[PDB]
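Take a look at the structure below.
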Amino acid sequence: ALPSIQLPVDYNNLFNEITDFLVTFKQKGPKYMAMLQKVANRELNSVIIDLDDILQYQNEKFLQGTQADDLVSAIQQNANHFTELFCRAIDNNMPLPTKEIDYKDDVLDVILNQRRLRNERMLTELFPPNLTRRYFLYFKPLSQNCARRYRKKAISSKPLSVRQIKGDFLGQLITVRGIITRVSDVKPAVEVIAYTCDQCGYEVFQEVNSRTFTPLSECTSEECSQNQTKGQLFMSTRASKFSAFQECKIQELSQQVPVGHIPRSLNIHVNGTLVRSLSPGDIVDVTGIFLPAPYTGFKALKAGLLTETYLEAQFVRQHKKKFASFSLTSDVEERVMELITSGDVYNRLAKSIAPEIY
Amino acid sequence: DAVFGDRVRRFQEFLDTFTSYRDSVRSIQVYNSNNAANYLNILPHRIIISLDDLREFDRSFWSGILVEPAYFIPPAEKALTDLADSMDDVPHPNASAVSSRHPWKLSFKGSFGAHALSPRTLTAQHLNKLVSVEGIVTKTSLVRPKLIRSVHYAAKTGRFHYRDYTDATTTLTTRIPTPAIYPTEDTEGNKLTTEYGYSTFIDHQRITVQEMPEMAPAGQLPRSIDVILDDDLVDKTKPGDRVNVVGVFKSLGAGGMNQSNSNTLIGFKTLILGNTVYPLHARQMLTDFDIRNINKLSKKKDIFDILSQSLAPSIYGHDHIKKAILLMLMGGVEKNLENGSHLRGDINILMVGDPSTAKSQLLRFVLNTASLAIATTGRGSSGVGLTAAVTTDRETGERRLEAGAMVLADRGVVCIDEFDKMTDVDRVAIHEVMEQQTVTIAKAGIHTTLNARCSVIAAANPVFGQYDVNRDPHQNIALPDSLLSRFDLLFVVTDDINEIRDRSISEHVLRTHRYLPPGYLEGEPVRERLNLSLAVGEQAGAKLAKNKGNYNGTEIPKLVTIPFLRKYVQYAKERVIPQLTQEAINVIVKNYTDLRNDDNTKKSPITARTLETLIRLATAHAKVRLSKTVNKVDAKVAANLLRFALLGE
DNA sequence: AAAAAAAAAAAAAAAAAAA
DNA sequence: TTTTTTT
Ligand SMILES: Nc1ncnc2c1ncn2[C@@H]1O[C@H](COP(=O)(O)OP(=O)(O)OP(=O)(O)O)[C@@H](O)[C@H]1O
Ligand SMILES: [Mg+2]
Ligand SMILES: [Zn+2]
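Note that the protein sequences, when read in sequence, are chains 7 and 3. Read in order, the letters of the first sequence are residues 4 to 30, 59 to 154, 189 to 423 in PDB author numbering. Read in order, the letters of the second sequence are residues 18 to 56, 89 to 331, 339 to 594, 630 to 740 in PDB author numbering.
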């Protein structure tokens, strides 16, 4: 069937190290418990992780000869698997809320309570974790001075051009640079789809990660495991889960285009709270995951091995400059005081516009 | 079966016989190791063999390669991979990188003989045979990655599984195809998650190469063939380049032999799996004694006029034109300021004159002499089709910009004939590229700025049949002053009727028409010839074979041959970036103030932009004599040349 | 089962304009 | 009034 190979990696030790880092980290007490507490209070809606903390923690714990491997290397080599590991670790170590909650507003939790008091009262199903998470998980690339701190070449970063990306970088975490040209609108994207089968006790849930799927028609409840269905099932919009989605493409800068060449483009998919964090016509430094994209969406049956590629955003530096709408501050106030003390202004302003033209 | 093993061990013996390739392999390995973790370039796993040595070792294996590469190349690649693996010694490797298994594919060089063809000559009997074809690059497709071998993981088992995918164009040998369906279920129902970052993806690009139109039959159009190259060398060169590619010529696809045929007269596809690519360039490096000769020429007092007179010896007179061409081919430097944006750096020259005074011939000479140049005609071009085009790539179904004419000649020179005979609309585009040397395309959902820093040389006819010397210079020209002021230098040529000059030019022309190619008799016409013997090619300072350049004795002043002049230009455009000084400033400002207030008749009005022309001409002349500073002599020569070009001797 | 179409190039007839 | 050029 499928041959097997031996790899040096094993995820059990990685997961244990992840949990140990999350619980024991000292940078207020531990930082990550401080975030997770306000997450529990339904105050924080997205979690951002820094690997500089991971690197420095691993290096400083290397002073005691117990650690055997490192994490940032495997993080750089592959990313999504570590996103799943991090979400599992967070859900295992989720703190209790220290504050009151406006609990009536959570309509999804009302539906969940109804379903539980319907099924468990008669003697219950384990709901998938993704249907319950209120938080988004984001990664942040490291800083070069942190790499300079140690001998190892834990670099990443290095804002490659659009054409500097090859087919060997698929799956890694890479940083690009360029001008944003097009930004699409915001549309809802499905994550978990919930149906209802005309009072079939538990209502079936399913999840889809691909950009296309197929629906359900007959439920597996025992009364419908009977030869004929206890009421036809329909898709329920309220119970299902959605995430904000947007699509943008980036174009190479003129300076980085080799002579006698045409600039190329690269697509970017953005999800979660980071949506609407960039506008067309600006220079940015985007860090993301370089993932493949199947061509079957075109449905041409050709390109048996050819596939398209895209990037998924993780952390955006807007860069460029802020107009700020002359928003008042102490520094600009002392600047205008200096201008008032300057006395006559208009002649100096005229002299200072275009000194190149005499 | 065992024939593969015998061929592999024979190739191992051959590799062990020679020691150069092993030295190259160990150099590559040590460079790769040194680039690992020492405070961006990498070397691909490719080595070039010279099959002349292989022929001198074994004729059977050489013949097998050159007749049926399918059964011979893979064993050689396997043996090379085994040797590289044995020589490799990495006790502490990485995890994802070690599973690459790069097979170290080969490249060839040497004499082919009857297997060096042209795109017109390729036909049925040449299929399945290694070949080397020359041509010009017409168009290129888009770089797209493709999958080879995926990696899966299952949480329960902890055992990684991998599946390998290959297509007809991936490998030389036909095998049962495998679809791109991801296996996500084990044999016992375990869930398998595809592991990105551990799978294998390689680049892919398709180009099409065309035969050179100069070597074409009587009244027949140039033709083209299809080339696929991948892995390394994936985006070398560009459209509009002379290349020579060596690869396997094979047929693929059912072609309608199945039930899908709709007519009896169907055919098959033909395609080339490229192995290696070389820049033909009709070579570009400098030797030690070459630099010594360039230096000893430069330190001479009178190099500039010798170089000027060296241009196009068959054209009589027009010495100042030759000097202007020489200065234009190696113009001044670009200036960019954090606040002052950009300043134009090269020179532009326009020619207007009476008919049949050898302008097109000199333009053709400039075409042949310069490194990169493109030929355009006013009546045979369209302005929108000159800069960019919106065309849809066939494989992707997406419309992408196609490079225009003058964009291909970025940093080069573009020559235009019958300039005044061009449609006025196109002219405005020229103004744009003469304003900031940048063309912008905003159409059909594409907004992009394209760089174009080329220089323009052109010739145009007066409004009448002949130039009228008694009229307003603006009256004699059909072009608006808006773009005429852009050109730095404008020349007016007229054939004054003097019997002495008539006799001299008659003697020169009659001397020219009595020329015979060396080694050839006069009784028969010029015939076509074969290519060079080797498809790929490559004591000092004591011979001066072509260094002095004086091929024959006709005048006391020396002359230099074209290749030496091109080598001098190549050295000068890279090795020196001169800077001006205050003495040249004083001379230039004095001349500008004098010329501004001479207050007499002149061919064209002067303005502030002429000082820029003086600055750039002085910089170019400093580049000519290979000095890092501009001295007042260059200011003097620039002023004299400007006075000649605008006042008249 | 279906890629199908915006972007170019070239050939006219009508109207208006300049001599 | 006629031929030219643009739509
Ligand atoms: N000084 C000269 N030396 C050699 N040949 C000359 C010289 N002057 C004119 N000729 C000849 O005159 C002929 C004119 O050819 P060509 O069409 O290139 O000239 P031109 O001035 O560029 O004309 P046009 O404006 O019609 O293109 C050529 O055959 C060229 O050899
Ligand atoms: Mg001519
Ligand atoms: Zn039901």
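The beta carbon of each residue, even a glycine, is placed where N, CA and C say it ideally should be.
Give the DSSP-derived three-state secondary structure of residue i in the structure shown.
i                     : result
residue 628 (chain 3) : For residue 628 (chain 3), nothing is modelled; it lies in the interval where chain 3 passes from 594 to 630 with no residues in between.
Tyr38 (chain 3)       : helix
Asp13 (chain 7)       : coil
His330 (chain 3)      : coil
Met478 (chain 3)      : coil
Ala485 (chain 3)      : helix
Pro118 (chain 3)      : helix
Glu665 (chain 3)      : helix
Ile359 (chain 3)      : helix
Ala380 (chain 3)      : helix
residue 49 (chain 7)  : This model leaves out residue 49 (chain 7); its place in chain 7 lies between 30 and 59, and no residues are given there.
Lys240 (chain 3)      : strand
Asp347 (chain 7)      : strand
Heavy atom of ligand 1 less than 8 Å from the Cβ of residue i, yes or no?
i                : result
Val422 (chain 3) : no
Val565 (chain 3) : yes
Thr432 (chain 3) : no
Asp473 (chain 3) : yes
Compute the minimum distance between the beta carbon of residue i and the heavy atoms of ligand 3, and state whether it is under 8 Å.
i                : result
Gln308 (chain 3) : no
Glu190 (chain 7) : no
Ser221 (chain 7) : no
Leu298 (chain 7) : yes
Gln271 (chain 7) : no
Under DSSP, the alpha helix (DSSP H) around residue i begins and ends at which residues?
i                : result
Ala675 (chain 3) : 673-687
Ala309 (chain 7) : Not the alpha helix (DSSP H): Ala309 (chain 7) falls in the beta strand (DSSP E), residues 299-316.
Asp140 (chain 7) : 138-150
Measuring from the CB of residue i, is there a heavy atom of ligand 2 at a distance below 8 Å?
i                : result
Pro411 (chain 3) : yes
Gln522 (chain 3) : no
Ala414 (chain 3) : yes
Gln661 (chain 3) : no
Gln417 (chain 3) : yes
Mind checking residue i: buried by the 16 CB within 10 Å criterion, or exposed?
i                : result
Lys387 (chain 7) : exposed
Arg255 (chain 3) : buried
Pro206 (chain 7) : buried
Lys416 (chain 7) : exposed
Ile422 (chain 7) : exposed
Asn293 (chain 3) : buried
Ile350 (chain 3) : buried
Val489 (chain 3) : buried
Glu20 (chain 7)  : buried
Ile230 (chain 3) : exposed
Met386 (chain 3) : buried
Can you give me the start and stop residues for the beta strand (DSSP E) that residue i sits inside?
i                : result
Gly575 (chain 3) : No beta strand (DSSP E) holds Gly575 (chain 3); DSSP gives it neither H nor E.
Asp473 (chain 3) : 469-473
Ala65 (chain 7)  : Careful: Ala65 (chain 7) lies outside any beta strand (DSSP E), inside the alpha helix (DSSP H) at 62-71.
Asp213 (chain 3) : 209-213
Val549 (chain 3) : 545-549
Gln259 (chain 3) : 253-259
Give a yes or no on contact between the stretch 348-361 of chain 7 and the stretch 469-488 of chain 3, applying the rule of three or more CB pairs nearer than 8 Å.
They do not touch, by the three-pair rule.
Counting pairs of beta carbons, one from the stretch 410-419 of chain 3 and one from the stretch 449-463 of chain 3, are three or more of them closer than 8 Å?
As far as the Cβ criterion goes, the stretch 410-419 of chain 3 does not touch the stretch 449-463 of chain 3, which means the pair count is below three.
Taking one C-beta from the stretch 295-312 of chain 7 and one from the stretch 258-274 of chain 7 each time, how about it: are there three or more such pairs within less than 8 Å?
Cβ pair count under 8 Å is three or more, so yes.
Given 8 Å as the limit, is there contact between the stretch 130-148 of chain 3 and the stretch 255-266 of chain 3, that is, 3 or more CB pairs closer than that?
Here the stretch 130-148 of chain 3 does not lie against the stretch 255-266 of chain 3, with fewer than 3 beta-carbon pairs under 8 Å apart.
Is the number of C-beta pairs between the stretch 117-129 of chain 3 and the stretch 303-315 of chain 3 that are closer than 8 Å three or more?
Between the stretch 117-129 of chain 3 and the stretch 303-315 of chain 3 there are fewer than three inter-stretch CB-CB distances shorter than 8 Å, so the stretches are not counted as touching.
Check whether the stretch 66-73 of chain 7 and the stretch 162-176 of chain 3 are in contact - that is, three or more C-beta pairs closer than 8 Å.
Contact check between the stretch 66-73 of chain 7 and the stretch 162-176 of chain 3: fewer than three CB pairs, one atom from each, fall below 8 Å, which does not count as touching.
Contact between the stretch 89-105 of chain 3 and the stretch 146-159 of chain 3 (3+ Cβ pairs under 8 Å)
Segments in contact, yes.
Under 8 Å, with one C-beta from each stretch per pair, do the stretch 530-541 of chain 3 and the stretch 445-453 of chain 3 reach the 3-pair mark?
No, the stretch 530-541 of chain 3 is not in contact with the stretch 445-453 of chain 3.
Taking 8 Å as the threshold, find out whether the stretch 212-224 of chain 3 comes into contact with the stretch 193-202 of chain 3 through three or more Cβ pairs.
Enough Cβ pairs lie closer than 8 Å, so yes.
The stretch 375-384 of chain 3 touching the stretch 661-668 of chain 3, judged by at least three CB pairs closer than 8 Å:
No, the stretch 375-384 of chain 3 is not in contact with the stretch 661-668 of chain 3.
For the stretch 356-375 of chain 7 against the stretch 335-346 of chain 7, are there 3 or more C-beta pairs whose distance is under 8 Å?
Too few Cβ pairs lie closer than 8 Å, so no.
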